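K.L.:
Sharing a structure below in structure tokens format, with a few things to ask.
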Amino acid sequence: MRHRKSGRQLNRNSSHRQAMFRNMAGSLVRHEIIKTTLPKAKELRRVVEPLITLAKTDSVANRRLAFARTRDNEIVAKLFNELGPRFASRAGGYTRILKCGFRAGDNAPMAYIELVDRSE
Amino acid sequence: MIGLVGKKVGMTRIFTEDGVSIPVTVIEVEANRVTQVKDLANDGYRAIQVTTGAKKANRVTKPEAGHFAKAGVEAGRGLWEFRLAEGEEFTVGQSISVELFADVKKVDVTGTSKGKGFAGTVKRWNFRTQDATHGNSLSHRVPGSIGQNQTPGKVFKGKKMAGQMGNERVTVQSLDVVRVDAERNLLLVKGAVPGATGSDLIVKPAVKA
Amino acid sequence: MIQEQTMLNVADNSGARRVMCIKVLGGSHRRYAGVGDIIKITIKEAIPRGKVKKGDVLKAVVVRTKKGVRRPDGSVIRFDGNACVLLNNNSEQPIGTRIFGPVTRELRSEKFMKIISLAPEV
Amino acid sequence: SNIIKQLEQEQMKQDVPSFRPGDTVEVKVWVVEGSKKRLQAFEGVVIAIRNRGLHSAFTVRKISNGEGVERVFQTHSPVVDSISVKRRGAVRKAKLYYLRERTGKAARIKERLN
Amino acid sequence: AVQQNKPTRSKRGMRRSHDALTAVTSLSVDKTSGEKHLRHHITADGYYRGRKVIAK
RNA sequence: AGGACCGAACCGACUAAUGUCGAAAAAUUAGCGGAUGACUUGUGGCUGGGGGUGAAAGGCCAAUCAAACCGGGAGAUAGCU
RNA sequence: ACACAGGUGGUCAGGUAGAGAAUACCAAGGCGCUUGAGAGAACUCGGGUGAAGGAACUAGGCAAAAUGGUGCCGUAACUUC
RNA sequence: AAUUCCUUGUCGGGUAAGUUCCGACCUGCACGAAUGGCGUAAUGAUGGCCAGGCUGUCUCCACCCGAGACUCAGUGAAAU
RNA sequence: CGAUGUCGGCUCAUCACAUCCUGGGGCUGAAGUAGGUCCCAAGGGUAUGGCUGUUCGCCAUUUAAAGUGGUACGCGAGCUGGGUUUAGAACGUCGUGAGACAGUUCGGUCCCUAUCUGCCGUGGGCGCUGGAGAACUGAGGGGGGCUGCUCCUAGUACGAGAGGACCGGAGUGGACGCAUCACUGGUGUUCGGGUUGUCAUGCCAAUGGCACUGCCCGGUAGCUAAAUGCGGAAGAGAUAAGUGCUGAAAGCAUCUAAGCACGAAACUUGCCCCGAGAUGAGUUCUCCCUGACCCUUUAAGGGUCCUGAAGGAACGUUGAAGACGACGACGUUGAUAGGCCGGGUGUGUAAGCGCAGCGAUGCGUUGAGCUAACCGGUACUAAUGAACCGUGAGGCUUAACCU
């Protein structure tokens, strides 16, 4: 009945979606913009955003938690050097959702999710 | 007597001196103000119409706005109507406080029940389940036979089946009032009232005794 | 909760080691007994030189439940291992002299005055 | 919300000593023997502490004359007077439920001593 | 499980009376370009509310 | 030493659930029995319809069996629909 | 009958733990099984956990649960020893 | 009794209560000696019964994770 | 007989009244208690087990009572398959024999995606006489209707005693129903920690994957019960059985023919809910529209241009609302959701570094570190300015008041 039970299932295993956003967050922080399905995008904000907040305080321990997630020395290197400074004041939402159209093969509502940057 | 509309804000308990733990429910009653009074000369029944809270100006529509305007009342969310009783005449603009419950003993709470959603036969009418095993195939929880054979040849109007359970008006009668805090406008009633945390609640004195 | 087919530990110097509640008494179609109810029990295991034996049918009164009872303040008193005290079938009058273990406050119902005046705790 | 918090605050007593799971605590509670307001003592080991502000409660376990008697206490009730501590214990677990099987010797715990 | 008598065109027709697809009914114009796009969606050229967010 | 024991491959098919216009004209999953022998299996021969074969159930003989299958007596006859 | 959860004999057979060609995780190498995207009702299917009670269920403890390994100590009636 | 209809025979044990089970009586409707009788250690995916253990089998179900069911897009049956 | 599937259990029912309890009366071989019997009464309630395939019944122990029956001896397009009517096998028995047996004994495939009728739920369209938003009356319909025990009345009336009330009142329970998470708890594969095997991040250290969440220990929010509150009524009307009052027919007598009064959980209300599709389409309040022209078989007509309001729908963020529609909140004149800040809660002394110890590891920094759905705040991102639907004062007849 899920009364006041936030969080989405997305038709996958528990194991699967945990590991799945791991891969997607990698993609996002390396490319700054991805053309994905909307419901995922809604849910992607609940992962990539805490990571940027967790990168606002550089240390050694924080790198570990930032590594305990996303499992990659390049993604963690993208954070703490680029996104740490680059935001440091955006006391809130770090990403923007832009509904685009419909995927041609299955009529799935696609959407763009990108960081509040790239105006360079 | 007259009813009084309020909002439901969680529930806690009140420890008395003796040590009895009385579970209460905090019904915050803002300030019910009279909007319209109906009479026999126009409607055939003496009743009042109240409102409460406040609504954003660009949300309340002109029909409703004009209505509140002739009563000199600040627009509130929703409207309710209470049946009067032979003689307790009010007037437009009259601000009914929460003071009217500072004497009564038992009240009756009436509100929209927490909607469980489309519930099955077990969850709704309390149908005892069937054997979970012993060969039972494809019918661990189903309702089973719902009628007789050829003779009735139909299903009686009233047969309990899987349907919408909840999200309807439910009245719990005779609930002891505990404390009537004047200042903070809180109405501590004993037990559990219906409705989700933050819905409307029609509170009125015990009709029976 | 004590119901039909339930092993209990006899809490008194009466002669029974372990008993089994055959039928909860007090009302029609009643699910289970509790705090200070009366249950018809049989004796499944007794001591050689006891005052009863294996196969007797006599009333009892539950004094300790694994589930625990609730005081009127929201306090629960959970024991460990169910327990009952044997009674005299015709008239309440508890059959033992001593009563091991503790008992609970709800035994103050006149027809059990004797029981609390013999129990060590509470 | 805000209003429900105020009704919780004005009831909550402010004089309860801090105690951790594993502390041999002696709790004194009232009892009514008809008309005698008697103060009954209760020794025991604190198994679990459940903190919820006004609704908080701690669980005490005492080995009586042969039956492990557990009991909880609605911390902020007028039925409870003292949470006097005896042995400051120390065990690496918030809830001590495994003490429902342990008996005698193997059922003891170490002291914190610092 | 099985039908008894074949349903007429009457029922077949009326059964399709609610499966009539609904048109879009609205196409907002672009603030800057003047193109057409659905409410809350981007345009063919990646403009949105007068902003080249896609830049592709 | 063993028609010995415990247990995979391999062979078998007892229980239950699913499936019973299925994924499949008898299977899957979870458990099961034998597993150095009267075992199991590859390749290639032998036997033949009132006959073959059978650790025997009237089981098996090309999804067909108390007499296979295909053609022919044959448009068998039909007090029956 | 199909791009079908089936059937088909022989050979090669690595690292860790293990008694092992069981099983768990990986290398070499090969694949994600030819519909997808959402919603997170009943109910069905395959599953995890459970207060107090423990066969009271029912045709019947069917199913589930549980026991499970190595080393040592210890082990009855009965018996063709 | 795999055999006994009358029959749940009568008696004893197990059970709070036992048409089944176990021991015995002989009135064997209608056992019986190689279409074998009575015993029997071992063995059985064998039948009947009892006991310990353990459990959602149940009293009485509650939640939760997944595959369908449900909605949108594509292809598109069947029995009658 | 070109198929109507049968026993019993399970599930779910439903009616009748020849009533098992509860309610109201008569009579008694009715002192009292407790009963025998008959009348009125169908609102509600009406066991758990052992045994057998059982129905039935016996037995154990309850309960206020463990009702009798109809409904394809209710119910297999809902279940089970034990029994009974398939093939295997055996004992006895009959037959020379194939085989047989309302003689018993082991083993033994239960199929069907719902078009229509019905039913439980929830919607789309149009109607309702100009359009729209709100709030109700209530025709009519459904739910609910059970009761023990203890105590007072009083150990009084009654009774030789033993025993032991009616009526009325108080408290506490069983069953059942409604509702809800504050408590005690269950779950809580999205939170935290312990740990075996292995692989990988170059390695140690630390973390991640996989093994039913790998196995386990706790656990927030929700949901839920075994948890906690609440409910059945009282009262009113008309009555049945019955009790009457007065009083003729019939000098009297007599409850009845006239007239009057009592009388039960049934009936109608009272309690709760659905409810104006109640086409008899109800009532009240508020809001908006008060522009010009041609054509015609000049009729509640058609058509053009110009204006398109109140409000709606649409789209978006979403909700303790939800299968989809609907319903509720919100759309920057903003707190709807996600984030973020602070707190709460949970778990339990992070990592790093230092010291002790040969080493595992301990101690300190440290009730830390991490924290889901929660509570209180903040626009940082996403809910865009507009477009779309719906109009332009609302027919005829009659009456009463104004003119």
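Here's how to read the names in the structure tokens: chain A, B, ... by the order shown, residue numbers from 1 in each chain, ligand numbers from 1 in the order shown.
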Find the residues of chain I in contact range of chain C, meaning any atom within 9 Å when counting only C-alpha atoms (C1' of nucleotides), and list them as a PyMOL selection string.

P.N.:
chain I and resi 47-49+61-63+148-149+173-175+183-184+226

K.L.:
Take the residues from that selection and write them out as a PDB file, in the first residue's frame, keeping C-alpha atoms (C1' of nucleotides).

P.N.:
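Output contents, as saved in result.pdb:
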```
ATOM      1  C1'   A I  47     -18.635 -24.864  20.572  1.00  0.00           C
ATOM      2  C1'   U I  48     -13.234 -26.861  20.879  1.00  0.00           C
ATOM      3  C1'   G I  49     -11.239 -31.755  20.590  1.00  0.00           C
ATOM      4  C1'   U I  61     -14.449 -30.652  28.731  1.00  0.00           C
ATOM      5  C1'   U I  62     -17.075 -26.270  28.093  1.00  0.00           C
ATOM      6  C1'   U I  63     -20.929 -22.723  27.114  1.00  0.00           C
ATOM      7  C1'   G I 148     -22.030 -14.231  30.962  1.00  0.00           C
ATOM      8  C1'   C I 149     -20.112 -13.472  35.822  1.00  0.00           C
ATOM      9  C1'   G I 173     -15.341 -10.055  31.088  1.00  0.00           C
ATOM     10  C1'   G I 174     -16.133 -13.745  26.504  1.00  0.00           C
ATOM     11  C1'   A I 175     -17.584 -13.436  21.202  1.00  0.00           C
ATOM     12  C1'   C I 183       2.045   2.223  24.263  1.00  0.00           C
ATOM     13  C1'   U I 184       4.003  -3.925  24.226  1.00  0.00           C
ATOM     14  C1'   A I 226      -1.683 -10.832  19.846  1.00  0.00           C
TER      15        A I 226
END
```

K.L.:
Find the residues around region 331-343 of chain I up to 10 Å (only C-alpha atoms (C1' of nucleotides) counted), leave out those fewer than 6 positions away in its own chain, and share them as a VMD selection string.

P.N.:
(chain A and resid 42 to 43 45 to 46 49 to 50 53 90 to 95) or (chain B and resid 56 to 58) or (chain I and resid 316 to 319 375 to 384)

K.L.:
Quick one: which residues from chain G are at most 7 Å off chain C, using only C-alpha atoms (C1' of nucleotides), as a list in words?

P.N.:
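That gives the following set of residues: residues 52, 53 and 56 of chain G.
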
K.L.:
Can you list every residue of chain D that has an atom at most 8 Å from chain I, with its nearest atom pair and the distance in Å to one decimal, using only C-alpha atoms (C1' of nucleotides), ordered by chain then number, as CSV?

P.N.:
```
residue,atom,partner,partner_atom,distance
D:1,CA,I:375,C1',5.8
D:2,CA,I:376,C1',7.3
D:51,CA,I:345,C1',7.9
D:52,CA,I:345,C1',7.4
D:55,CA,I:182,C1',7.7
D:92,CA,I:348,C1',7.2
D:93,CA,I:348,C1',6.4
D:94,CA,I:348,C1',6.3
D:95,CA,I:218,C1',6.3
```

K.L.:
Could you write out that same residue set with C-alpha atoms as an mmCIF file, in the first residue's frame?

P.N.:
```cif
data_model
loop_
_atom_site.group_PDB
_atom_site.id
_atom_site.type_symbol
_atom_site.label_atom_id
_atom_site.label_comp_id
_atom_site.auth_asym_id
_atom_site.auth_seq_id
_atom_site.Cartn_x
_atom_site.Cartn_y
_atom_site.Cartn_z
ATOM 1 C CA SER D 1 4.687 18.854 14.483
ATOM 2 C CA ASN D 2 5.139 21.918 16.694
ATOM 3 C CA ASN D 51 14.459 6.425 23.236
ATOM 4 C CA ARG D 52 11.445 8.321 21.857
ATOM 5 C CA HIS D 55 7.499 7.748 25.157
ATOM 6 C CA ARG D 92 29.422 -3.811 22.335
ATOM 7 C CA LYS D 93 25.737 -3.926 21.398
ATOM 8 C CA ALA D 94 22.801 -1.541 21.836
ATOM 9 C CA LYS D 95 20.205 -4.245 22.549
#
```

K.L.:
May I ask you to extract the residues of chain I within 6 Å of chain B, using only C-alpha atoms (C1' of nucleotides), and to give them as a VMD selection string?

P.N.:
chain I and resid 11 to 12 74 to 75 78 to 79 118 to 121 133 179 to 180 182 229 286 to 287 320

K.L.:
At a cut-off of 9 Å, using only C-alpha atoms (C1' of nucleotides), what residues contact residue 57 (chain A)? Leave out same-chain residues fewer than 5 positions from it and give the result as a list in words.

P.N.:
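My reading of the contact set: residues 62, 80 and 84 of chain A.
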
K.L.:
Can those selected residues be exported to a file as an mmCIF file, in the first residue's frame so that it contains C-alpha atoms?

P.N.:
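Below you can see again-v8.cif, which holds the result:
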```
data_model
loop_
_atom_site.group_PDB
_atom_site.id
_atom_site.type_symbol
_atom_site.label_atom_id
_atom_site.label_comp_id
_atom_site.auth_asym_id
_atom_site.auth_seq_id
_atom_site.Cartn_x
_atom_site.Cartn_y
_atom_site.Cartn_z
ATOM 1 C CA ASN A 62 35.226 11.433 2.963
ATOM 2 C CA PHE A 80 36.886 16.914 -4.872
ATOM 3 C CA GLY A 84 33.968 20.493 -4.928
#
```

K.L.:
Which distance in Å separates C1' of residue 42 (chain I) and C1' of residue 73 (chain I), to one decimal?

P.N.:
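Computing the Euclidean distance for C1' of residue 42 (chain I) and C1' of residue 73 (chain I) yields 23.3 Å.
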
K.L.:
To test your reading of the structure, identify every residue in region 10-109 of chain A that backbone DSSP assigns to alpha helix (DSSP H), and report it as a ChimeraX atom specification.

P.N.:
/A:14-31,38-54,61-68,75-78,83-87

K.L.:
Near region 259-263 of chain I, counting only C-alpha atoms (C1' of nucleotides), which residues have an atom at most 9 Å away, once you skip same-chain residues fewer than 5 positions from it, shown as a ChimeraX atom specification?

P.N.:
/I:24,239,242-246

K.L.:
Please return as a VMD selection string: the residues of chain C that backbone DSSP assigns to strand (DSSP E).

P.N.:
chain C and resid 7 to 10 16 to 24 38 to 46 57 to 64 69 to 70 76 to 77 83 to 86

K.L.:
Find the residues near region 33-35 of chain F: any atom within 12 Å, counting only C-alpha atoms (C1' of nucleotides), skip ones fewer than 3 places away on the same chain, and give them as JSON, numbers by chain.

P.N.:
{"F": [3, 5, 6, 7, 8, 9, 10, 11, 12, 13, 14, 39, 40], "H": [44, 45]}

K.L.:
May I have the residues from that selection written out with C-alpha atoms (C1' of nucleotides), as a PDB file, in the first residue's frame?

P.N.:
```pdb
ATOM      1  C1'   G F   3      23.850 -58.126  -6.073  1.00  0.00           C
ATOM      2  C1'   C F   5      27.970 -48.848   3.188  1.00  0.00           C
ATOM      3  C1'   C F   6      27.891 -42.597   2.585  1.00  0.00           C
ATOM      4  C1'   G F   7      27.874 -39.501  -2.058  1.00  0.00           C
ATOM      5  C1'   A F   8      28.549 -36.449  -7.714  1.00  0.00           C
ATOM      6  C1'   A F   9      28.832 -37.831 -13.084  1.00  0.00           C
ATOM      7  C1'   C F  10      25.569 -41.352 -15.221  1.00  0.00           C
ATOM      8  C1'   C F  11      20.784 -44.135 -14.823  1.00  0.00           C
ATOM      9  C1'   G F  12      15.956 -44.242 -12.462  1.00  0.00           C
ATOM     10  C1'   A F  13      11.175 -41.525 -11.339  1.00  0.00           C
ATOM     11  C1'   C F  14       8.599 -41.743  -4.691  1.00  0.00           C
ATOM     12  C1'   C F  39      24.827 -52.065 -13.653  1.00  0.00           C
ATOM     13  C1'   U F  40      24.788 -48.233 -17.412  1.00  0.00           C
TER      14        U F  40
ATOM     15  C1'   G H  44      12.375 -51.154   2.289  1.00  0.00           C
ATOM     16  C1'   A H  45      11.154 -43.596  -2.016  1.00  0.00           C
TER      17        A H  45
END
```

K.L.:
At what distance in Å, to one decimal, does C1' of residue 21 (chain I) lie from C1' of residue 264 (chain I)?

P.N.:
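For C1' of residue 264 (chain I) relative to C1' of residue 21 (chain I), the distance reads 16.4 Å.
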
K.L.:
Which one is closest to chain C: D:22, D:44, D:66, D:53? Count only C-alpha atoms.

P.N.:
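That would be D:66, the residue with the smallest distance to chain C.
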
K.L.:
With a distance cut-off of 12 Å and only C-alpha atoms (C1' of nucleotides), select the neighbouring residues of region 34-40 of chain H, excluding the residue or stretch itself and same-chain residues fewer than 3 positions from it, and output the selection as an NGL selection string.

P.N.:
(:G and (78-80)) or (:H and (31))

K.L.:
I need the contact residues of chain H against chain E, so if you could list those with any atom within 12 Å, counting only C-alpha atoms (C1' of nucleotides), and return them as a PDB file with N, CA and C atoms (P, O5', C5', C4', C3', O3' and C1' of nucleotides), in the first residue's frame, that would help.

P.N.:
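File written: iface29.pdb
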```pdb
ATOM      1  P     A H  78      -7.318 -17.447 -33.801  1.00  0.00           P
ATOM      2  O5'   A H  78      -7.622 -18.504 -32.647  1.00  0.00           O
ATOM      3  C5'   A H  78      -6.862 -19.729 -32.553  1.00  0.00           C
ATOM      4  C4'   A H  78      -7.072 -20.383 -31.205  1.00  0.00           C
ATOM      5  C3'   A H  78      -8.523 -20.639 -30.835  1.00  0.00           C
ATOM      6  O3'   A H  78      -8.928 -21.889 -31.397  1.00  0.00           O
ATOM      7  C1'   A H  78      -7.386 -19.646 -29.003  1.00  0.00           C
ATOM      8  P     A H  79     -10.309 -22.007 -32.218  1.00  0.00           P
ATOM      9  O5'   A H  79     -11.277 -22.745 -31.191  1.00  0.00           O
ATOM     10  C5'   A H  79     -10.925 -24.043 -30.671  1.00  0.00           C
ATOM     11  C4'   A H  79     -11.298 -24.154 -29.212  1.00  0.00           C
ATOM     12  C3'   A H  79     -12.776 -24.011 -28.886  1.00  0.00           C
ATOM     13  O3'   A H  79     -13.475 -25.240 -29.096  1.00  0.00           O
ATOM     14  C1'   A H  79     -11.507 -22.689 -27.388  1.00  0.00           C
ATOM     15  P     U H  80     -14.568 -25.354 -30.277  1.00  0.00           P
ATOM     16  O5'   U H  80     -15.747 -24.388 -29.813  1.00  0.00           O
ATOM     17  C5'   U H  80     -16.389 -24.579 -28.536  1.00  0.00           C
ATOM     18  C4'   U H  80     -17.188 -23.355 -28.151  1.00  0.00           C
ATOM     19  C3'   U H  80     -18.329 -22.964 -29.085  1.00  0.00           C
ATOM     20  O3'   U H  80     -19.524 -23.661 -28.726  1.00  0.00           O
ATOM     21  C1'   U H  80     -17.002 -21.064 -28.601  1.00  0.00           C
TER      22        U H  80
END
```

K.L.:
Please identify every residue of chain F that has at least one atom no more than 12 Å from any atom of chain B, counting only C-alpha atoms (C1' of nucleotides), and report them as a list in words.

P.N.:
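Putting it all together, I get residues 15, 16, 17 and 18 of chain F.
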